[PDB]
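In what follows, a single structure is set out as structure tokens and then discussed.
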């Protein structure tokens with residue numbers, strides 16, 4: 001189940017979603033990551049146990 005968890009590692013705003021996708025998998029221990037806008041802030045969300 002791909003639990004879309006907010007930016008742990010990543011800071012404020014996101015753009016390099018390719019980086020985000022690693023900065024979740026490698027750093028933390030998610031399946032992957034992806035950038036999304038929430039409250040006008042692009043967060044790198046991580047996606048675990050997918």
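Count begins at 1; order follows the chain as displayed.
Header lists the method as solution NMR.
From the backbone N, Cα and C atoms, a Cβ is placed for every residue, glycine too.
These come from Swiss-Prot:
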{"type": "DISULFID", "residues": "2-50", "note": "disulfide bond"}
{"type": "DISULFID", "residues": "14-35", "note": "disulfide bond"}
{"type": "DISULFID", "residues": "20-44", "note": "disulfide bond"}
{"type": "DISULFID", "residues": "24-46", "note": "disulfide bond"}
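Here the features listed in Swiss-Prot are placed on the structure.
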| residue | record | Cβ within 10 Å |
| --- | --- | --- |
| 2 | disulfide bond | 13 |
| 14 | disulfide bond | 21 |
| 20 | disulfide bond | 24 |
| 24 | disulfide bond | 25 |
| 35 | disulfide bond | 19 |
| 44 | disulfide bond | 26 |
| 46 | disulfide bond | 27 |
| 50 | disulfide bond | 10 |
_10 Å Cα neighbourhood of residue 20 (disulfide bond): matching disulfide-bonded residues from 2, 35, 46, 50_ = 35, 46
*From 2, 14, 35, 44, 50, the disulfide-bonded residues whose CA lies within 10 Å of that of residue 24 (disulfide bond)*: 44
*If you measure from the C-alpha of residue 46 (disulfide bond), which of the disulfide-bonded residues 2, 14, 35 fall inside 10 Å?*
2, 35
*Whole-number Å only: compute the distance from the Cα of residue 35 (disulfide bond) to the Cα of residue 2 (disulfide bond).*
15
*Pairwise CA distance, residue 14 (disulfide bond) versus residue 2 (disulfide bond), rounded so that it is a whole Å*: 20
